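In the structure tokens that follow, a single protein chain appears in two forms: structure 1, then structure 2.
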Structure 1
């Protein structure tokens, strides 16, 4: 079925059950690894590196029901394990940080956006995951070229992955992607 590939498109796009090390360079993992690492500075000055280890997805605040009986979304928070390394001193600081909330499919094949049981569609051969997985790549693009802008206002000893990162650019990237979608 059309809806079968899609609930699978999305399925492996996420690898949300795969042990990160057993996760493959596909979709989200691809997006992450394409984006990361981010180097900046001349190595000597504030020579920096922000690198990706893995992402985790923390299960949704509510099951289908509650996201439904409320003008909100069936979402899971997504966090990623990052390391900041000073090329100067060799110190690594590893935080898990929150990047964005992330919408989930039903076995039916739909999302509960702001309560609305909306629907995205397979275009130009691209499937659900793919079309989305590239939107992921977008936010991350925007987020890099952030992180690396912060990288050059100094504060080396003060800096942390946490401080290089916020949730806005990825929030936006999926905000827009899902404001362009059908209503079942």
Structure 2
């Protein structure tokens, strides 16, 4: 079939119930591990290194049934464990940072968005799982950029992972991917 190929695909792109160190270099994981670390040396001593440790996918607050009746979106929240290294001092600053809500894929390919049963057709040759992961990379690449900028024009001492990170660019990129998803006819 396709749904079964497609479902698993997305399901491996998120690795959502896989313990962080049993996680393969795929989809988001790659996206994150590849796009991070963001360093600004540039000041002779230090500036900062911001490294990625892990990501957490929340578990769904509403079930598919609840979601289709109560007209809600079927999505888990995404968090990233970020860490700011002052090499000027050695000081480290950890933080779980909120990166937005990921839609979960129900058993038949469809997503549930605000009660509605919506599908991302692959037209094709790059499955739904890698289609998302690809667009995820772009967002992150933009988010990776708000940080590089703030580091340059903030006081390192008052900077912290949560302040450097702006999720908007990541979300804008997701909204657009899941925005042009279509309604299902089963």
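Heads up, when I say rigid core I mean the largest set of C-alphas that superpose within 1.5 Å between the two forms. Residue numbers count along the first chain shown, from 1.
Compared between structure 1 and structure 2 on the core, the listed residues 66, 134, 39, 54 keep their C-alpha shifts below 2 Å, save 66. When the rigid core is fitted, residue 103 shows a C-alpha shift of 0.5 Å between structure 1 and structure 2.
If you overlay the core, the Cα of residue 166 moves by 2.2 Å between structure 1 and structure 2.
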